[PDB]
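Okay, so here's the structure we're looking at.
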Amino acid sequence: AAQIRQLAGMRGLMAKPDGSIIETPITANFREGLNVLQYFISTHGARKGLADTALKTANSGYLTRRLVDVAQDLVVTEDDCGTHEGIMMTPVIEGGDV
Amino acid sequence: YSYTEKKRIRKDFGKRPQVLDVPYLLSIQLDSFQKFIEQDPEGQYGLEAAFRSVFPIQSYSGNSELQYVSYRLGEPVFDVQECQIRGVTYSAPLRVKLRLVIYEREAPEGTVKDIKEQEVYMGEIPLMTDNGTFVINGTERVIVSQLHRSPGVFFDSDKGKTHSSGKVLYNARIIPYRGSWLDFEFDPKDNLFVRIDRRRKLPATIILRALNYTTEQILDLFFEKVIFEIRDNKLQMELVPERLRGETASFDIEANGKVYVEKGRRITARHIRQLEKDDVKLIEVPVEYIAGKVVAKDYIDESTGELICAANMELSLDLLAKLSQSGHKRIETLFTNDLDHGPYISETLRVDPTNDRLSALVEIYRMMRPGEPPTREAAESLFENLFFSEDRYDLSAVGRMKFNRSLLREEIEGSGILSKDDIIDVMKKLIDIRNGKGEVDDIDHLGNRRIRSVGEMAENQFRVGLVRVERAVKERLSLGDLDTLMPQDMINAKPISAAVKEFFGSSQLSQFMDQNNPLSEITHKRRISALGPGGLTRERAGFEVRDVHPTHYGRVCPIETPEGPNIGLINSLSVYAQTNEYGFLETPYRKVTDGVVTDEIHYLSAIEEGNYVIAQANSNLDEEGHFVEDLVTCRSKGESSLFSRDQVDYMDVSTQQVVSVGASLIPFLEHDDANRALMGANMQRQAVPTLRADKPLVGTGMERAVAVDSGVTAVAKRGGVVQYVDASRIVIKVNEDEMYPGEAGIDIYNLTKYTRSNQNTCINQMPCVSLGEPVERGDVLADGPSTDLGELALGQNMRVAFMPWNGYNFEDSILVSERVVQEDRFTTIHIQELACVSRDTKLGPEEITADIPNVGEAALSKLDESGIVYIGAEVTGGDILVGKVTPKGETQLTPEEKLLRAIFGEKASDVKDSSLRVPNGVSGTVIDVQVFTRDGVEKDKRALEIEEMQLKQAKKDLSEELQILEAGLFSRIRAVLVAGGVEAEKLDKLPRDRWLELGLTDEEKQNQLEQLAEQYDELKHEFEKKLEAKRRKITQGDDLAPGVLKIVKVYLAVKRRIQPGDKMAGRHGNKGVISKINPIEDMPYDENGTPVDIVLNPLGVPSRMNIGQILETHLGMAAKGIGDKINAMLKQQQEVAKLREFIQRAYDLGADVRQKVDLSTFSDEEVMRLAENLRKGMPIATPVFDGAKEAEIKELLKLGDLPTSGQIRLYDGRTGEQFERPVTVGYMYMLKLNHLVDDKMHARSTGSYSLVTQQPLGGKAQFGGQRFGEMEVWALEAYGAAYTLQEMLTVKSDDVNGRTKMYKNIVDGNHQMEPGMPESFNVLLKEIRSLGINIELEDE
Amino acid sequence: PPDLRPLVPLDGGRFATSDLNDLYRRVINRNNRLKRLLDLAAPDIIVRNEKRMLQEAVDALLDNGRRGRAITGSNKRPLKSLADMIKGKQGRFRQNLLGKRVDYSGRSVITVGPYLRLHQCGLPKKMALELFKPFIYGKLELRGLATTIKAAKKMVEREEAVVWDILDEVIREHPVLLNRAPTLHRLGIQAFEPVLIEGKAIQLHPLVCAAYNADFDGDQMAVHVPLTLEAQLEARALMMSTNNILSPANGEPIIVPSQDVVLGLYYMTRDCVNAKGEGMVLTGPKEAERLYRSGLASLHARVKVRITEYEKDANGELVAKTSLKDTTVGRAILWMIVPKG
Amino acid sequence: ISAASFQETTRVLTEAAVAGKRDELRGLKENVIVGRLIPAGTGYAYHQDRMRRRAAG
Amino acid sequence: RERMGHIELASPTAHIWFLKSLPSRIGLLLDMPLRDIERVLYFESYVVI
Amino acid sequence: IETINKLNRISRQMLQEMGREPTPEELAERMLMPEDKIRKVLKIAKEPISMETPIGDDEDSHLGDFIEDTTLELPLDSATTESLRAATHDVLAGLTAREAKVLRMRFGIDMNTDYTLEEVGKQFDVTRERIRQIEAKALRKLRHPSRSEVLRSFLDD
Ligand SMILES: [Sr+2]
Ligand SMILES: [Sr+2]
Ligand SMILES: [Sr+2]
Ligand SMILES: [Sr+2]
């Protein structure tokens, strides 16, 4: 539903190089012709979001490499372990919603 | 409209008129290189800047010097076409005028026996081609422009993770164009430190002490001084009203008895009025207030001569009492607070261990060179050579300009070396920002970032080459004789040529020309990268430089950039942007004179934009001057907001200035997402030329601009009437208007036919003009690989229907009809080069004759007369091209093989087959062959007969050029002869060679015939000069690598057609892989029965957010909508005037547009020829932003009797039943890009292995194996797999005994591993043992 | 050993030597000089200096990046010492896992395979002939078609019609692993039984494409072939896609229809206000197909259909409940696809 | 053997030499380097045959 | 590929892996800082045994 | 070494006096030595290249990584050698008793030493001239297309 918003309704608000949100959002949707100023505004999030994606695989790939090297030397040894002890499990409720 | 434009008029849907037309697209490359080869006297640009910087090289060790006059170029060894064939670097020999000067010790300067040399060889510099490239070793290469920080002065904050609390610091950085780095920074202890060449931290006062400044002089330059006075035993002070404000005084401030501020009282603003009016100059101060303050000057006892207190020292109760004992009158201190003034320089002096000038110079020497003990002569020499020597340190022309710009100076001109006053001024400004009054400049700002093109980067590489030479020159002057060893012998050309060649074809910014298409050829030349020397690496500067800065606007394209690891570092240059006089980026603007808008064009830099209010191109203008609306959307000083008409100073030239050429060709960019327009621009560059290029139905208008500026298309220099058309040569007769007296008015345009590219694609120049057609300057005569009539034609367009199929369009997958394969519309020509090198070994020399001991005569049927394959022989993957044989020796036959030799009879002694074979696969046919021989010649019969063909063809090529030039020369003579004396029937009977002697009475026309007779003799003279040079090059013994006899290169043109697996993409980012070639039978068709060409997945549109591909489809059927009605006519043959009305109606749709096509006043011949070109659809141009409206496409659809919605009911080919919902059908421009499935498919079972590690390796016959990484190992560890990983590590990889034993088990039918020790661990064991550490395997 | 630090003649004629060889020479040279100096007059200054460099010579040989930094005799580079052979991101210890080249491996661009099954992939004909090269020779001399190994080699290279028939026999019942870069979880490598298809492109099943992060636009996959019976079994019993229909991360299935399949079932099940044919009784789900493909009723509109649903019994299975349900025409046809239980 | 795979190599090899450490090859990463069967899955039943015969012999 | 050789040293030379690598294997075994070991090894000062 | 030093001194002279580059024909004239000598030294004077020379980098690769091993025989050729010895054993089995023993001594098949015609004659009961007759008799029967169809396939090498 988020993709349909930009194409037919309204694109929304865009960000600045500092991190703050711009005063006036892009009113034009992809059905009509976007302005020269509006398109240059929308490019910032495109070349920043994909720039994060370029190093997302490297950062998450190192996280996958990290968790392996500590737990790789672990295999099932016995069929049953003689302890009647575990962890208490309760359904996660945040405030008043399950 | 021009005649070349009249044949095909493109319907433009623009609204804004073009004020400034699109300039030369490769102006960045050509204009910058011409600065390098420029013969500019004082204007230091290029070579003249490099020579005059070092020369005249002087040496007072032997009292002798060498002087520089001027340099020479020209006379190239091989032409641009000749360099590509025989493999020569396109360069001109550089010869420089040099003279040695001898001095005798008697007079100030006494010259004795001066010897001058005319020309000394100093290597050869590569010249730029006609388009904007360099031919190195044979291949065409491009120099990429560098993006770096501009030389001058920088100011940075950096307030991230520092100290602990997060103290904000301020850093001043003086960066030169050539020299050492100067850094001035504050530390967490508030003190100031200097960093020389980015090394250890020295106190800030150490650089001043080295410049001969005493401790008294250091405190004098920066600080305000308070003067304490000793009058009649009691202590007093000079009062300044501004000094005491806000701070509470612990003492009674009194003047002549009257008390103003007493003990325990605050000072606000009221007290700074009573003291000012009463003329107070002196007040009484206690001993406590003076104690703690820092003294400025040295005060000694004038009775004894001993130091009481030196400069920069703390005061106490005892020290002030001794000053009264000595008999002093004045004491000088410093004024430092905590807000607007601080003791940053004062507190550093105590930290500074140095005492005088000598001590400071040693400490700088010890930091730079921490090894040898320095003397006074050595310490003074290093510091003067750091930032004060001309030969070492230089700010250049741009550096001093920006250096004085930031520091706020009167002059922009100055010397390259920094003076003593300049260093202090940078230090003064840094304290100002620390105090409060001061601004921090942006690093990402384009006004602080320069562009190093081709000529500027080649200048720096040539300068260091002269530095490499100057060491050998000055040292050998005093070493040897100065009577015999004079001119040429002093300087060697070897160090110069080695430095230049390691830049044009070895540097990071020097790559192969991406000649997949004319668009990729242009975009690569205007690429701006921040990865060059003295720039930034891949993992540096963070992510701030990668992000888009508001300064990029109309200088750098925000969407067109590599989407890989580079993102931001490499950027494409926008259309209208150019380089200024100081290397900064500038964009043109319409000048507004407070009201009306004039067509005055002004180029403004990034610094200049932060002052004027710039209006957007989106606003409409009344009549042609002033605006319509009072409230206009504008942009000023970075930010963009609404502004009034009077406040507007500038305006955008066009709505195309923000987007580069690569993404300018995208039709509906406004309806596309910025992420997919980023990708869509990259897909167009990878496009491979089809066999027959076809015009894009949905264009932008830049298609014609790309084709001409690329240089791949043959354009008319003059014009006129075409005389003779051929598929190799286009000759033209000049219209006499642009023909200047002297030579004949005929231009010869030689066409390049079927030539290999860098990406192995085909380069072809097909003719366009017919015999007897009038054309002018700028007219397109021939088309390149991916160009149609005048315009760019990347990869043709097909019928597109957005509908799901039976799983053949699951994810991005695209279907194709058999008609796409039947009709050559996506057939690509690929020319491949294969080389066979006969080499000399220690066993014996290799031969290249048709005497193969293994195969014959089965593969030898293709090969001809003892050597290589014949020209025009169709060969498949496995045939023999060049029959190479290699001596091996020994050849010990095994007992079983010895028996086999006696049974049948075998001849295989020393001769081993190692012939050049066609790579294992499917290939086309042989186009051309070339044989290169050693300096000893020893010509083969096949190599000798081809040189006979080379000599005869070159003889004909030069003879045909003379014949036409002679014909037009004497035809011009007849025009002069008839004018004055009419002999139209008398001259025709007389022989044409006896026309030179005849002429009119000695007048002005006699002088006209003088130049015509001189040129005729000149053409006959230059013909013999060109033929002698041409005969020399063919008979020339080709110089090659040592240990090489003959190199034979066989060229093959593979005609590969489209198949499932090939990568297809649109213009908007919609890429995909071809699923299956479906017949014309089963694929959907219209009500009239027109079958759809390609079927694309409709699901990959809303999530992709690219509507540009949909509007290209709607306008695609609309484009052919008019075309089909033109196609419906002419076949039945209707009246020309009846056809004229419909065409005129087509170019004027939507009431009011912009493009006004001539109102039916074209000639009957021109209208019929235009309708023939518009038969296969109408070319529609839709600009980058101000393009075709949504409602305008619907109006054009009704013209060709088509629905406005774009969706039509289709019928299934398999069933025959209706699709229960109308499907949108039209024409989208598809692209068959590079890296096809034929080049991507690789397979290996067994082959060759590497030497150091016994793991799979690719080279010949079979392809290389796939790498099984550690990420793939985790998968098998997560699975219950154990024997599969065992295979991956041993038998498939390194294990020597494992692989061969397992391979035999497959053939026997065993399927057993039997693994052992892998060679990956066996080498590892010996490496640990060789270190000196015992490692052993222990048993159970 | 000399093989690990080799002096081999290249294709051009110029030799290529290891950096270890250059380091070893500058150890023996001063070792021989010290043996000379100890018997040919020994002044302490020179002898201590010769012992000073000899200690550095071994130091540069073992680990160069510690005490100073040695420069190669011809090149301006730090020499690969004995320590630099093991470490340095890419050496000998680290290449045992990552930098491992593998035989019997292929690579091609992925394509869709809607006609294929879940355990089937569309492996190229020319790739499979190259991959199963030794497997062809094994089942060619066994058949009695080829005399020896060399005669079997000539039949494969000539692309004989009989070789294509034998090729299909070997591939049948022989699993083939398919790997995609990068592998984040274990389902990146799955085994498939190949079906021979002409072309240079490999076809993949649309359902298992959800397990990988793959999109048919320009992605490539590695083609690995197991060799032994143990390797063939652990590919079918463990690494097969049919065995791995669920995800190892969570209890939810990973093989779940997407895009075209979801859109197909959505249009089939959705209802309209008043489509063609409404208010019929319909005998079985078979008559629902009789009306749609003929052209008498649409997939939509609420039409009563006779259905026979089978619920799970306590022991299983005898429960067969038949009742009139108020669904659509399209929902009745999809029930035939749905299993009995 | 498992440590020097991802950790710093020169520190591990020196620590193993001084202490005189023995690698009995039980970890999964240990057996991949040497070219042996993984003590997991199919090779787990194989590995139990050799570990049981260390006490007796 | 398997056979190795040896070089007989005229003077005893120290191993770099046990000297420079922190925190010094020779240093901790003798209870002596690296600055004191290097000055003896490098030939600058004598040491009492 | 003296000739290599002599080469570099004249190379500086001839490069700038003529214009372009000194050819082996022109360089040999000033050195007073034949062309086959100069062109030989130029190859010897070149220093052996380092193993870890970076070529293009990008994915990180060295010169020593792309060097193939020519010493190793192909697994296909290794299976051919095993198949040849197995085929010839069945071929020699078809021969009439003593016919196999002669060929295994004359060519050294399955035996450590290769024997000459004189050595068989004294250790086979028969005369010297007869050995030449039965050798060709054993070969002729293996020259026949019907008997040796398997041996004809090895003729491709
Ligand atoms: Sr133009
Ligand atoms: Sr996906
Ligand atoms: Sr992808
Ligand atoms: Sr007997």
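Chains: A, B, ... in order of the structure tokens. Residues: from 1 per chain. Ligands: from 1, in order shown.
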- request: Pick out the chain D residues within 6 Å of chain B. Count only C-alpha atoms. Give them as a ChimeraX atom specification.
  value: /D:34,37-38,41-43
field: Surrounding residues as a ChimeraX atom specification, ligand 2, max 6 Å, only C-alpha atoms and all ligand atoms
entry: /C:213-215
Distance filter 12 Å around ligand 4, atoms: only C-alpha atoms and all ligand atoms, out as an mmCIF file with N, CA and C atoms, in the first residue's frame:
data_model
loop_
_atom_site.group_PDB
_atom_site.id
_atom_site.type_symbol
_atom_site.label_atom_id
_atom_site.label_comp_id
_atom_site.auth_asym_id
_atom_site.auth_seq_id
_atom_site.Cartn_x
_atom_site.Cartn_y
_atom_site.Cartn_z
ATOM 1 N N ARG F 98 53.818 -68.702 -27.076
ATOM 2 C CA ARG F 98 55.179 -68.158 -27.159
ATOM 3 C C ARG F 98 55.262 -66.800 -27.861
ATOM 4 N N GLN F 123 67.808 -67.786 -25.097
ATOM 5 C CA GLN F 123 66.927 -68.077 -23.964
ATOM 6 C C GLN F 123 65.482 -68.369 -24.394
ATOM 7 N N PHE F 124 65.324 -68.980 -25.576
ATOM 8 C CA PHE F 124 64.002 -69.324 -26.095
ATOM 9 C C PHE F 124 63.999 -70.630 -26.889
ATOM 10 N N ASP F 125 65.136 -71.323 -26.882
ATOM 11 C CA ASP F 125 65.330 -72.631 -27.547
ATOM 12 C C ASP F 125 65.525 -72.541 -29.078
ATOM 13 N N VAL F 126 64.953 -71.509 -29.707
ATOM 14 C CA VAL F 126 64.965 -71.372 -31.154
ATOM 15 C C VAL F 126 66.181 -70.593 -31.660
#
All alpha helix (DSSP H) positions in range 993-1085 of chain B, as a ChimeraX atom specification: /B:1004-1035
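For ligand 1, the set of protein, DNA and RNA residues within 12 Å, based on only C-alpha atoms and all ligand atoms, reads residues 20, 21, 22, 23, 24, 25, 26, 27, 575, 576, 701, 702, 703, 704, 705, 706, 707, 708, 709, 710, 777, 778 and 779 of chain B.
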query: Mind listing as number ranges by chain which residues of chain E are within 9 Å of chain B, counting only C-alpha atoms?
result: E: 1-2, 4, 15
- prompt: Per DSSP on the backbone, what are the strand (DSSP E or B) residues of range 1-140 of chain F, as number ranges by chain?
  reply: F: 49-50, 54, 62, 68
Selected residues, N, CA and C atoms, written as a compact mmCIF listing (two decimals), in the first residue's frame, please.
# COMPACT_ATOMS: atom_id res chain seq x y z
N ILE F 49 60.93 -11.86 -12.60
CA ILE F 49 59.82 -11.10 -12.03
C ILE F 49 59.37 -11.71 -10.70
N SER F 50 58.90 -10.85 -9.79
CA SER F 50 58.39 -11.27 -8.49
C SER F 50 57.10 -12.10 -8.64
N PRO F 54 50.94 -7.67 -8.50
CA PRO F 54 49.51 -7.41 -8.66
C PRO F 54 49.13 -7.04 -10.08
N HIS F 62 47.43 -12.24 -7.75
CA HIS F 62 48.86 -12.06 -8.05
C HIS F 62 49.28 -12.82 -9.28
N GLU F 68 50.01 -21.91 -14.46
CA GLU F 68 49.56 -23.31 -14.50
C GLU F 68 50.71 -24.30 -14.37
task: Select residues of chain F: the criterion is any atom within 12 Å of an atom of chain C, counting only C-alpha atoms; output as a ChimeraX atom specification.
output: /F:40,42-54,59-71,75-88,148-157
Put those residues in a file: N, CA and C atoms, as a compact mmCIF listing (two decimals), in the first residue's frame.
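Resulting contents of again-v9.txt:
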# COMPACT_ATOMS: atom_id res chain seq x y z
N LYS F 40 70.75 -12.39 -27.78
CA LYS F 40 70.81 -13.44 -26.77
C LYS F 40 70.99 -12.85 -25.37
N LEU F 42 70.19 -9.82 -24.32
CA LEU F 42 69.00 -9.05 -23.94
C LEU F 42 67.99 -9.86 -23.13
N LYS F 43 67.93 -11.17 -23.39
CA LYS F 43 67.05 -12.08 -22.67
C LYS F 43 67.64 -12.47 -21.31
N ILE F 44 68.96 -12.62 -21.26
CA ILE F 44 69.67 -13.01 -20.04
C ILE F 44 69.75 -11.85 -19.04
N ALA F 45 69.87 -10.63 -19.57
CA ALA F 45 70.02 -9.42 -18.74
C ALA F 45 68.77 -9.08 -17.92
N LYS F 46 67.62 -9.59 -18.35
CA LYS F 46 66.35 -9.35 -17.66
C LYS F 46 66.26 -10.07 -16.33
N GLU F 47 65.90 -9.32 -15.29
CA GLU F 47 65.75 -9.85 -13.93
C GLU F 47 64.42 -10.61 -13.81
N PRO F 48 64.45 -11.80 -13.17
CA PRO F 48 63.23 -12.57 -12.93
C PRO F 48 62.18 -11.80 -12.13
N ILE F 49 60.93 -11.86 -12.60
CA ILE F 49 59.82 -11.10 -12.03
C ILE F 49 59.37 -11.71 -10.70
N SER F 50 58.90 -10.85 -9.79
CA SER F 50 58.39 -11.27 -8.49
C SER F 50 57.10 -12.10 -8.64
N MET F 51 56.90 -13.04 -7.72
CA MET F 51 55.75 -13.93 -7.74
C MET F 51 54.45 -13.21 -7.42
N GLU F 52 54.54 -12.27 -6.47
CA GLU F 52 53.35 -11.56 -5.98
C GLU F 52 53.20 -10.19 -6.63
N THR F 53 53.23 -10.17 -7.96
CA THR F 53 53.03 -8.94 -8.73
C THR F 53 51.54 -8.76 -9.01
N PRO F 54 50.94 -7.67 -8.50
CA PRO F 54 49.51 -7.41 -8.66
C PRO F 54 49.13 -7.04 -10.08
N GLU F 59 39.70 -7.82 -7.38
CA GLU F 59 39.33 -9.00 -6.59
C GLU F 59 40.54 -9.61 -5.88
N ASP F 60 41.67 -8.89 -5.93
CA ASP F 60 42.94 -9.27 -5.30
C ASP F 60 43.52 -10.57 -5.84
N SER F 61 44.45 -10.44 -6.78
CA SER F 61 45.13 -11.56 -7.40
C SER F 61 46.56 -11.23 -7.79
N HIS F 62 47.43 -12.24 -7.75
CA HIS F 62 48.86 -12.06 -8.05
C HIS F 62 49.28 -12.82 -9.28
N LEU F 63 50.53 -12.61 -9.70
CA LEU F 63 51.10 -13.27 -10.88
C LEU F 63 51.26 -14.78 -10.65
N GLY F 64 51.63 -15.17 -9.43
CA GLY F 64 51.84 -16.56 -9.07
C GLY F 64 50.57 -17.40 -8.97
N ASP F 65 49.42 -16.73 -9.03
CA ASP F 65 48.12 -17.40 -8.94
C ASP F 65 47.64 -17.93 -10.29
N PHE F 66 48.05 -17.25 -11.37
CA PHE F 66 47.60 -17.60 -12.72
C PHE F 66 48.55 -18.53 -13.47
N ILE F 67 49.66 -18.89 -12.84
CA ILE F 67 50.64 -19.81 -13.44
C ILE F 67 50.19 -21.25 -13.32
N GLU F 68 50.01 -21.91 -14.46
CA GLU F 68 49.56 -23.31 -14.50
C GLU F 68 50.71 -24.30 -14.37
N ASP F 69 50.39 -25.52 -13.95
CA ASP F 69 51.39 -26.58 -13.82
C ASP F 69 51.34 -27.51 -15.04
N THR F 70 52.47 -27.62 -15.75
CA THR F 70 52.56 -28.47 -16.93
C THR F 70 53.10 -29.87 -16.61
N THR F 71 53.61 -30.03 -15.39
CA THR F 71 54.20 -31.29 -14.94
C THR F 71 53.12 -32.37 -14.75
N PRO F 75 43.96 -36.40 -15.92
CA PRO F 75 43.26 -37.57 -15.42
C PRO F 75 42.63 -38.44 -16.54
N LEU F 76 42.31 -37.80 -17.65
CA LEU F 76 41.81 -38.50 -18.84
C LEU F 76 42.94 -39.31 -19.50
N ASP F 77 44.13 -38.71 -19.53
CA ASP F 77 45.32 -39.36 -20.08
C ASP F 77 45.87 -40.45 -19.15
N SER F 78 45.65 -40.26 -17.85
CA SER F 78 46.05 -41.24 -16.84
C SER F 78 45.18 -42.49 -16.91
N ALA F 79 43.91 -42.30 -17.26
CA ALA F 79 42.98 -43.41 -17.46
C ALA F 79 43.24 -44.13 -18.78
N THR F 80 43.79 -43.40 -19.75
CA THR F 80 44.15 -43.95 -21.05
C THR F 80 45.33 -44.91 -20.94
N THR F 81 46.30 -44.54 -20.10
CA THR F 81 47.50 -45.36 -19.87
C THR F 81 47.13 -46.67 -19.16
N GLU F 82 46.17 -46.61 -18.25
CA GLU F 82 45.68 -47.78 -17.53
C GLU F 82 44.84 -48.68 -18.46
N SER F 83 44.08 -48.05 -19.35
CA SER F 83 43.25 -48.77 -20.32
C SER F 83 44.08 -49.43 -21.41
N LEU F 84 45.21 -48.82 -21.75
CA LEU F 84 46.12 -49.35 -22.77
C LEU F 84 46.82 -50.63 -22.31
N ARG F 85 47.26 -50.65 -21.06
CA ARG F 85 47.92 -51.82 -20.48
C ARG F 85 46.95 -52.98 -20.27
N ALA F 86 45.69 -52.64 -20.00
CA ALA F 86 44.63 -53.63 -19.83
C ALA F 86 44.17 -54.21 -21.17
N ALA F 87 44.20 -53.38 -22.21
CA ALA F 87 43.81 -53.80 -23.56
C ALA F 87 44.88 -54.68 -24.21
N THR F 88 46.14 -54.29 -24.06
CA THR F 88 47.27 -55.04 -24.62
C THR F 88 47.45 -56.41 -23.96
N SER F 148 42.29 -56.35 -33.93
CA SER F 148 42.71 -55.14 -33.23
C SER F 148 41.90 -53.92 -33.67
N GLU F 149 40.68 -53.82 -33.14
CA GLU F 149 39.83 -52.65 -33.34
C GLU F 149 39.99 -51.70 -32.15
N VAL F 150 40.35 -52.27 -30.99
CA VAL F 150 40.57 -51.51 -29.77
C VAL F 150 41.92 -50.77 -29.77
N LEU F 151 42.92 -51.37 -30.41
CA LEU F 151 44.26 -50.79 -30.48
C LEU F 151 44.35 -49.65 -31.50
N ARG F 152 43.45 -49.66 -32.48
CA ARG F 152 43.41 -48.64 -33.53
C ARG F 152 42.88 -47.30 -33.00
N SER F 153 42.17 -47.35 -31.87
CA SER F 153 41.62 -46.15 -31.24
C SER F 153 42.69 -45.33 -30.52
N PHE F 154 43.80 -45.96 -30.17
CA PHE F 154 44.92 -45.29 -29.50
C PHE F 154 45.85 -44.59 -30.49
N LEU F 155 45.59 -44.76 -31.78
CA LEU F 155 46.39 -44.16 -32.85
C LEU F 155 46.16 -42.64 -32.98
N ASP F 156 45.09 -42.15 -32.35
CA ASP F 156 44.72 -40.74 -32.38
C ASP F 156 45.78 -39.83 -31.74
N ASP F 157 46.48 -40.36 -30.73
CA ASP F 157 47.54 -39.63 -30.05
C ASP F 157 48.80 -39.57 -30.90
Proximity of chain C to ligand 3: per-residue shortest pair, 12 Å limit, only C-alpha atoms and all ligand atoms, as CSV:
residue,atom,partner,partner_atom_place_in_ligand_line,distance
C:109,CA,ligand 3,1 (Sr),11.4
C:110,CA,ligand 3,1 (Sr),11.2
C:180,CA,ligand 3,1 (Sr),11.3
C:181,CA,ligand 3,1 (Sr),10.5
C:182,CA,ligand 3,1 (Sr),11.1
C:212,CA,ligand 3,1 (Sr),11.3
C:213,CA,ligand 3,1 (Sr),8.2
C:214,CA,ligand 3,1 (Sr),6.7
C:215,CA,ligand 3,1 (Sr),6.0
C:216,CA,ligand 3,1 (Sr),8.0
C:217,CA,ligand 3,1 (Sr),6.8
C:218,CA,ligand 3,1 (Sr),6.4
C:219,CA,ligand 3,1 (Sr),5.8
C:220,CA,ligand 3,1 (Sr),9.2
C:221,CA,ligand 3,1 (Sr),11.9
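For residue 417 in chain B, the list of residues within 7 Å, based on only C-alpha atoms and with local chain neighbours fewer than 5 positions off taken out, reads residues 387, 388, 389, 390, 393, 394 and 395 of chain B.
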Distance table requested - chain E against chain C, cut-off 10 Å, only C-alpha atoms: one row per qualifying residue with the closest atom pair and its distance in Å to one decimal, ordered by chain and rising residue number, as a Markdown table.
| residue | atom | partner | partner_atom | distance |
| --- | --- | --- | --- | --- |
| E:1 | CA | C:3 | CA | 4.9 |
| E:2 | CA | C:1 | CA | 6.2 |
| E:3 | CA | C:1 | CA | 5.7 |
| E:4 | CA | C:1 | CA | 5.2 |
| E:5 | CA | C:1 | CA | 7.6 |
| E:7 | CA | C:28 | CA | 7.7 |
| E:8 | CA | C:31 | CA | 8.4 |
| E:9 | CA | C:31 | CA | 6.5 |
| E:10 | CA | C:35 | CA | 6.2 |
| E:11 | CA | C:51 | CA | 6.8 |
| E:12 | CA | C:55 | CA | 8.2 |
| E:13 | CA | C:55 | CA | 5.0 |
| E:14 | CA | C:55 | CA | 6.5 |
| E:15 | CA | C:59 | CA | 7.0 |
| E:16 | CA | C:59 | CA | 5.5 |
| E:17 | CA | C:63 | CA | 7.6 |
| E:20 | CA | C:66 | CA | 7.0 |
| E:21 | CA | C:66 | CA | 8.6 |
| E:41 | CA | C:52 | CA | 8.3 |
| E:42 | CA | C:52 | CA | 6.3 |
| E:43 | CA | C:48 | CA | 6.8 |
| E:44 | CA | C:48 | CA | 9.9 |
task: Enter the distance from CA of residue 10 in chain F to CA of residue 33 in chain F, in Å, rounded to one decimal.
output: 13.4 Å
Contact residues (chain D, partner chain A, 12 Å, only C-alpha atoms) as a PyMOL selection string: chain D and resi 2-7+25-32+38-41+43-45+47-48
